[PDB]
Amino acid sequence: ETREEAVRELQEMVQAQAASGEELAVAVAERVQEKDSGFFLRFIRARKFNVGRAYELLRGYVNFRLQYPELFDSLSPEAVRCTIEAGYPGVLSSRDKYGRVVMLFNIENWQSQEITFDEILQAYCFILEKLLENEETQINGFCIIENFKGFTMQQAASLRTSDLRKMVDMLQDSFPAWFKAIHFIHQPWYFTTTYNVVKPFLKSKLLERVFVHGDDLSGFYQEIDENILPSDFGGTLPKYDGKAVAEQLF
């Protein structure tokens, strides 16, 4: 069967490339040695069974883990659960019109000293790992909705460029085959400074996936069904509660 053959070919390529001794190639081989066929199929299917292209995706995925080991070193499922229960980030029960999983972040009252940017990215990675077990999601991918209505100047001043770059790299290196769009709503005037900080690190393909809506949600609602969104993202569903997602995942 083509699936089993494709996985075997990807595995052989992982080994063949590592044979060169090239640093990342060697790291990939080491870092995927415990993975099952399902894991390899994610990359294979995301690249329409093009093994070479699947391997390139895998390189970026592993590179992210090499560059940001603090996100993976002492990962505790229990701690990740708490972050998710707190609603950071959230996940909708229904897919959007593109068949995408919709992830959520509402910055209002986010206290970075209580729940760190790193902890939030750990939660993203933990969720995406589970979400990508699903074969439709392996193709359709996901989007992110960011409600910045409550983005304060204090929050803005506290954001570290190294943390913003980490998020860029999560989307651009770890999950680029799956990250499809990010929608910022209700962002204040000083969002411009935050955006400008990140802009140099965004490749053109990723830049084209960033949308900023402010207070006019007309276009936004054309993308994401108002009737699938929680009330704190302008929708008709109950205010987002991280408990439901958390229970489903764990």
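Position 1 is the first residue in the sequence shown; the rest follow in order.
For the two regions 106 to 114 and 88 to 96, the entry's Cα B-factors average higher over 106 to 114.
Judged by mean Cα B factor in the deposited record, 76 to 84 ranks above the other of 76 to 84 and 125 to 133. When the C-alpha B-factors of 54, 32, 197, 210 are ranked from the entry, the top spot goes to 32. Listed residues 162, 147, 154, 138 were ranked by CA B-factor as deposited; 154 comes out on top. Remark: residue 41 belongs to the highest third of its chain, ranked by C-alpha B-factor as recorded. Residue 202: CA B factor lies in the middle third for its chain, per the PDB record. When the modelled residues of the chain are ordered by their C-alpha B factor, residue 21 lands in the highest third. In the deposited entry, the Cα temperature factor of residue 64 places it in the lowest third of its chain's modelled residues. Among all modelled residues in this chain, the alpha-carbon of residue 221 has a temperature factor (C-alpha) in the highest third.
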